[PDB]
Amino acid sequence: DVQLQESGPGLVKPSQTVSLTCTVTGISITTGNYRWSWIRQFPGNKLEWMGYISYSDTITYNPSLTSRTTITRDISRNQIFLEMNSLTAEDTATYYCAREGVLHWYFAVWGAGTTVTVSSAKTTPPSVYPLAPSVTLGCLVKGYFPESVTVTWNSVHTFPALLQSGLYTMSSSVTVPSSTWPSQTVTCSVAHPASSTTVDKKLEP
């Protein structure tokens, strides 16, 4: 198979520059007339094509971006780059790299995406509160920034995060049989990579 993995600073302050990398595995980015595109998706799901670089190093931009974005490659690392400066909050989005279809200008293989948040706000790790009374358990995750938390439990719903005076709140529930808990241990591990924090809250009766 062919996999594309994006990486880059999640939180960048306005004005400054975002630099993203797309590492390709399973095919060479110099092979067989393929083109590689960058595509972003804004909150609210609008999609915007940004530009492409071909297997032979030809680059074409979206004309509304050409003044402030650069696409390059490092073939010895099988990587493609996206640089963009003069940043506003309008540039907060999920940034994808994609291999174009064989006939070009449509997008057949996508990376998992990497979100960039353009904000002046400080990074803040979450507080995690257990929600204890089949039986439903939960964890409330409050007061973190930027967005990007994942909950895992040692039957699960993840409710979307709500913004409130600069800080996000979300919650997650899990359902288990009433013989299982509190006999067995249930724990919600919450990860917030922007603050490099993990909270493993055990649910107590």
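All residue numbers are counted from 1 along the displayed sequence.
J.: Are residue 154 and residue 155 truly consecutive in the deposited sequence, or are residues between them missing coordinates? Give the number as none, 1 to 3, 4 to 9, or 10 or more.
T.: Per the deposited record, the segment joining residue 154 and residue 155 lacks coordinates for 4 to 9 residues.
J.: Would you tell me which stretch averages the higher CA B-factor in the PDB entry, 171-179 or 48-56?
T.: Stretch with the higher mean C-alpha B-factor: 171-179.
J.: Out of 21-29 and 188-196, which one has CA B-factors that are higher on average in the deposited record?
T.: It is 188-196 that shows the higher mean C-alpha B-factor.
J.: From 136, 158, 66, 37, pick the one with the largest CA B-factor in the entry?
T.: Of the candidates given, the C-alpha B-factor peaks at 66.
J.: Using only the C-alpha B-factors in the record, can you name which of 71, 87, 131, 98 has the highest?
T.: Across 71, 87, 131, 98, the entry lists the biggest C-alpha B-factor for 87.
J.: Lowest, middle or highest third: where is residue 165 by Cα B-factor in its chain?
T.: Highest third of the chain for residue 165's C-alpha B-factor.
J.: Looking at the entry's B-factor column for C-alpha atoms only, identify whether residue 148 ranks in the lowest, middle or highest third of its chain.
T.: Residue 148: CA B-factor falls in the highest third of its chain.
J.: Ranking every modelled residue in this chain by its Cα temperature factor as given in the entry, which third contains residue 119?
T.: Highest third.
J.: Could you look up the Cα B-factor of residue 112 in the entry and say which third of the chain it sits in: lowest, middle or highest?
T.: It falls in the middle third of the chain.
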